[PDB]
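Engineer: This one's a deposited entry, sequence included:
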Amino acid sequence: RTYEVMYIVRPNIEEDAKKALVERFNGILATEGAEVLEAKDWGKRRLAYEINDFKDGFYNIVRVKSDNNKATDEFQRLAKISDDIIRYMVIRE
Amino acid sequence: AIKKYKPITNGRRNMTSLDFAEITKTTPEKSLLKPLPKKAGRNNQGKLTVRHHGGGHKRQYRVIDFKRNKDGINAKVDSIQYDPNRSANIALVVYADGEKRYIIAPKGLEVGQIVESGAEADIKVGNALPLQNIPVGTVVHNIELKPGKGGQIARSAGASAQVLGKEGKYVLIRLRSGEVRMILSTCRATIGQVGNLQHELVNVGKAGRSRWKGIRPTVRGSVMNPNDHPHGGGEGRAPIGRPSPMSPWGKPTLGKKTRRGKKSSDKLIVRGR
Amino acid sequence: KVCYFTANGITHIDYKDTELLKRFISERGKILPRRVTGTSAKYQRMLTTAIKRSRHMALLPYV
Amino acid sequence: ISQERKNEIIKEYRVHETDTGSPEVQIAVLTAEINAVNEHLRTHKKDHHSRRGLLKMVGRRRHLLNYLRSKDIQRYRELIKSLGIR
Amino acid sequence: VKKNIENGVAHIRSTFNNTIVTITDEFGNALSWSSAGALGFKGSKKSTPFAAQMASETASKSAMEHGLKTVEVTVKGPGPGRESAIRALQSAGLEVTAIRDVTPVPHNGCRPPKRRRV
RNA sequence: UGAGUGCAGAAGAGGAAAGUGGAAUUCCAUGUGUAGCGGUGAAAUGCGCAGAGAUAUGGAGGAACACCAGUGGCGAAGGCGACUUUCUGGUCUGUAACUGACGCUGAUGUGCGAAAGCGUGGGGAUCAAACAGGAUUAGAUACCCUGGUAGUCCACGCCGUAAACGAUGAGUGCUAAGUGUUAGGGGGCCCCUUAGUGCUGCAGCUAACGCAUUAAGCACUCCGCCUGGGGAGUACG
Ligand SMILES: [K+]
Ligand SMILES: [Mg+2]
Ligand SMILES: [Mg+2]
Ligand SMILES: [Mg+2]
Ligand SMILES: [Mg+2]
Ligand SMILES: [Mg+2]
Ligand SMILES: [Mg+2]
């Protein structure tokens, strides 16, 4: 089961904790009986509409192969808490 | 959920009660019990100040941690027990240093399940955090209003509160009863609803089943005499006979607010009701 | 007229290719109809899914 | 279910190797299916659209099973004791 | 009493029984409005193109005292008052920097009211 | 050959639990600023100088998901429309490995069944029975207007109805054509063919209207139902 995870990180995080955050989330998606076919990053791109009085934000794709869904569920769960994160979507492909 | 007893007699005719299926041990922990004699509304003066108490089954007090100061350590739920001292069910949590303490058990807490505490904790149910590290919207219980004292604002069954926002040093909380209140962000809380969510759907069926609890009967004012109650007196049944329904000690009771107004929380309270 | 996807041989539309999707949109962010674009129904339905996903992820506007 | 479990079970009930269409094979598959759908329903008990397919599967099973009973009671009795459905 | 704001917005709300034309900053702060009811129009006159012109003129002449030359136009609602109001705004000695016919159209939201039978 | 399985493919608002999002309405608080707003065939009640409405910012909360959208699709029907994940059913095409009539219909029975309604417990923005007021009118316990409780919303139960309509029972087969569309397949943009979905139309049928390869035709099988109108879908059970 090959999934595809993309999320958004608020622009006002410093690069170090931003790298740390992305290591955290890749390690989450991988370290629950999965692997990562690719782990990608675009850049601080523009948004079509504002979030919480943010205008632009980072994007990060994490194309995952897995099964049993636990990793993706925990991703959604923790991304809910993390205010460093704004959006998240998973798409089975 | 609820046991509906069949109607043999007229005392079990409309009764219900609880399955008691959340409950795994009955025999408590001897080490944490304390005595609890009935006082029955009887003051220091010996006098009956508060009515409609007394004459109930005896109880023994299960000593509970509303503080959760044991942080960093992780716990393991052992048993979910009964507490007569309250409406909720409790849990014997075993810390890895080998200590046993009771807590208010939430909705969805299972045996063998882990319970952390502190600021560095996960956000899972049963875990105890301060309202800083608790994010917005999450549903919580057992809030303390003074850091170090212990949880006082969500302790009954099925009860919970909601975190809304932050005013810097303070935190907005949407209590049950609909009343919003700033609370200080060092103060701890737990994630979830308190359990025994069907405690309110219990029809008691009998007068005895209330006397077992310690509830003497309420006599009404329209039957007392004028020496005893201002609603009282009258030839035949009589109505109230006043602009306002009054209490026994001669205060109005219907609609009249009874709150002190130079109190220190009056600014901490954003919305009421 | 003609279908763009059938024309180009592409058979599976991605929720991330705004430089492919933004020409199936009006000025106001609205999804264009099929009589206008000349697409097939299969690919039009794909467009709905991909576009609305892209809008969720802010890759395109609702308006 | 999937082709994996499907093959895994029809291998051991097929009367021979190229057979994949005998009543025994079908009803074994069906029993697997109805058990799966029941375990779905015990959670999502309000999916009547799926209970419908369950009922169709049961009827088709019983029809095959009556036919096999008519044909060879020995295979009937053996299959039902192997599956535990009576 | 004095205010010196050079550029602003004009918000033209028009309906089938009234128009209102208010003149604000580029930050949502009011300087002036006018309304057919302010001018005294009562009935099927408030609906008209005429009262629309007269209200736009009155509010623009109330607002140029605060020193306004350019102004952004912001239309809301249906009704045959908006075009006349805007032409009148050109006649009121003010320059027109943008029209926006934005109208709150929901995404299949709250349930509207029942149908009138007359 | 029919009916079913398998293998390779396709589509899909089919269903169920959770999760995310944006536009709008309402409400609140603050700023600006002042004379009405709203509504009408026309007016008034209502709100408003205690600063409304407009406007900007922000928040709370509930409901429904604009454009795509289509005589389009799916579902046994009822019904299903944002997006996502998890679970899940059924159908179509091609093949011709596989079983070899296993099929059809189906009384009693069982179970699903719009909307309203009921019970419990939550929720509660909009809309809105009843209710109040204004207006209209000979009168108006109506239309129209301002408001507004149940209710609409969620879960677990119950009811078990509808112009629940295609007013057309299910299954199978034969009977001219033409043209659009949906998901497929084979051949060389065109042809041919499956299963659906619309229009026009010959034979035939029909009391006429009209149906006409999605029959209301030709025929067979099974089920239910009608036997003048009212009383009466009443009464007793
Ligand atoms: K219908
Ligand atoms: Mg007496
Ligand atoms: Mg007295
Ligand atoms: Mg008397
Ligand atoms: Mg009296
Ligand atoms: Mg009304
Ligand atoms: Mg056809």
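Structural biologist: Arrived safely, thanks for sending. Residues are numbered from 1 along each chain as shown, chains lettered A, B, ... in the order given. Ligands and ions are numbered 1, 2, ... in the order given.
Engineer: Please go through the chain and pick out the longest helix.
Structural biologist: In the absence of a named chain, chain A is used. Longest among the helix segments of chain A by residue count, using DSSP state H, is helix A:15-30.
Engineer: Please refer instead to chain E.
Structural biologist: Max-length helix for chain E by DSSP H is helix E:50-63.
Engineer: Tell me which strands the helix or strand following it pairs with, and in which orientation.
Structural biologist: Going down the chain from helix E:50-63, the next helix or strand is strand E:70-76, by DSSP states H and E. In the sheet, strand E:70-76 lines up against strand E:7-14 (parallel), strand E:95-98 (parallel) (DSSP bridges).
Engineer: distance of the residue of chain D positioned farthest from its centre from chain A?
Structural biologist: In chain D, counting by C-alpha atoms, centre = their mean, residue D:46 sits farthest out from the average C-alpha position, at 23.3 Å. Counting by C-beta to the nearest C-beta, to the nearest Å, the gap from residue D:46 to chain A is 23 Å. Backbone N, C-alpha and C define where each C-beta goes, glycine included.
Engineer: Over to residue B:4?
Structural biologist: From residue B:4 across to chain A, the span is 38 Å (C-beta to the nearest C-beta).
Engineer: Do I have it right that that residue meets residue B:16?
Structural biologist: Yes: the criterion here is C-beta atoms under 8 Å, and residue B:4 meets it with residue B:16 at 5.3 Å.
Engineer: Looking at these two, which one has more neighbours?
Structural biologist: residue B:16 (16 against 12; other C-beta atoms under 10 Å in any protein chain shown).
Engineer: Please name the residues that touch that one.
Structural biologist: B:2-5, B:201-203, B:205 (C-beta atoms under 8 Å, 6 or more residues apart in numbering or on different chains).
Engineer: Leaving out chain neighbours, which residue sits closest to it?
Structural biologist: residue B:203 (4.6 Å; C-beta to C-beta, 6 or more residues apart in numbering or on different chains).
Engineer: Kindly list the main-chain dihedrals of that neighbour?
Structural biologist: Here is the backbone geometry of residue B:203 (degrees, to the nearest 10): phi -90, psi 130.
Engineer: re the thing from before, give me the packing partners of the longest helix of chain E, helices and strands only.
Structural biologist: strand E:7-14, strand E:19-24, strand E:30-35, helix E:36-39, helix E:82-91 (3 or more C-beta pairs under 8 Å, 6 or more residues apart in numbering or on different chains; DSSP states H and E).
Engineer: Quickly check: stretch E:94-110 near RNA strand F or not.
Structural biologist: Yes: Stretch E:94-110 lies within reach of RNA strand F by C-beta under 7 Å from any atom of the strand, at E:104-110.
Engineer: Would you mind measuring from residue B:60 to ligand 5?
Structural biologist: The gap separating residue B:60 from ligand 5 is 46 Å, by C-beta to the ion, to the nearest Å.
Engineer: Not counting sequence-adjacent ones, nearest residue to that residue?
Structural biologist: In space, and not counting its chain neighbours, residue B:60 is closest to residue B:33: 5.1 Å by C-beta to C-beta, 6+ apart.
Engineer: To what extent is that neighbour buried, counted in neighbours?
Structural biologist: If we define neighbours as other C-beta under 10 Å, then residue B:33 has 14 of them.
Engineer: Name the SS class of residue D:78, please.
Structural biologist: Here residue D:78 takes the helix state, with states given by DSSP: H, G, I helix; E, B strand; the rest coil.
Engineer: same check, this time on residue C:29
Structural biologist: Following three-state DSSP, residue C:29 is assigned to coil.
Engineer: Quick check, it in contact with residue C:52.
Structural biologist: No: if you go by C-beta under 8 Å, residue C:29 and residue C:52 don't touch, sitting 11.3 Å apart.
Engineer: Report how many residues lie close to the closest residue to chain A within chain E.
Structural biologist: Closest contact between chain E and chain A, by C-beta to the nearest C-beta, is at residue E:107 (13.7 Å). Residue E:107: 5 surrounding residues under other C-beta under 10 Å.
Engineer: wait, what's in contact with the closest residue to residue B:230 other than its chain neighbours?
Structural biologist: Closest residue in space to residue B:230, ignoring its immediate chain neighbours: residue B:246 at 4.5 Å, by C-beta to C-beta, 6+ apart. The contact partners of residue B:246, by C-beta under 8 Å, 6+ apart, come to B:221, B:230-231, B:252-253.
Engineer: Dead centre of chain B: give me the residue that sits there.
Structural biologist: residue B:156 (3.1 Å).
Engineer: Please tell me how far the nearest residue to residue B:160 once chain neighbours are set aside sits from chain A.
Structural biologist: Distances taken as C-beta to C-beta, 6+ apart put residue B:193 closest to residue B:160, at 4.3 Å, once the chain neighbours are dropped. Applying C-beta to the nearest C-beta, the value for residue B:193 to chain A is 18 Å.
Engineer: got it, and residue D:40?
Structural biologist: To chain A, residue D:40 is 16 Å away according to C-beta to the nearest C-beta.
Engineer: in what helix or strand does the residue of chain D found nearest chain C lie?
Structural biologist: Residue of chain D nearest chain C, by C-beta to the nearest C-beta: residue D:49 (22.5 Å). If you go by DSSP H and E, residue D:49 is part of helix D:48-71.
Engineer: Compute the number of surrounding residues for whichever residue of chain C sits closest to ligand 5.
Structural biologist: When scored by C-beta to the ion, chain C has residue C:62 as its residue closest to ligand 5, at 66.6 Å. Using other C-beta under 10 Å, residue C:62 is surrounded by 13 other residues.
Engineer: Is it in contact with residue C:30, as I believe?
Structural biologist: No: applying C-beta under 8 Å as the test, residue C:62 and residue C:30 come out as separate, 9.2 Å apart.
Engineer: what's near enough to touch residue B:228?
Structural biologist: residue B:248.
Engineer: nope, residue E:79 is what I was after
Structural biologist: Contacts of residue E:79 were listed using C-beta under 8 Å, 6+ apart, and they are E:14-16, E:19, E:47.
Engineer: Might you enumerate the residues of chain D proximal to RNA strand F?
Structural biologist: Checking chain D against RNA strand F by C-beta under 7 Å from any atom of the strand, the hits are D:1, D:3, D:6-7, D:18-23, D:25-26, D:29, D:33, D:36-37, D:40, D:44-50, D:52-54, D:56-57, D:60, D:63-64, D:67.
Engineer: Can you say which of these are buried?
Structural biologist: Neighbour-count burial (16 or more other C-beta atoms under 10 Å in any protein chain shown) applied to the residues of chain D next to RNA strand F gives D:6, D:22-23, D:25-26, D:29, D:33, D:37, D:54, D:57, D:64.
Engineer: Out of those residues, list just those in helices.
Structural biologist: Per DSSP H, these map to helices at D:6, D:23, D:25-26, D:29, D:33, D:37, D:54, D:57, D:64.
Engineer: Around residue 40, how many other residues sit close by?
Structural biologist: Went with chain A since none was named. 11.
Engineer: that's the wrong chain, I meant chain E
Structural biologist: 9.
Engineer: Residue C:48 too?
Structural biologist: Applying other C-beta under 10 Å, we find 12 residues neighbouring residue C:48.
Engineer: before we move on, what about residue C:42?
Structural biologist: 12.
Engineer: Okay, it and RNA strand F: tell me how far apart.
Structural biologist: 4 Å (C-beta to the nearest atom of the strand, to the nearest Å).
Engineer: Make sure I have this right: that residue is in a helix.
Structural biologist: Yes: using three-state DSSP, the secondary structure at residue C:42 is a helix.
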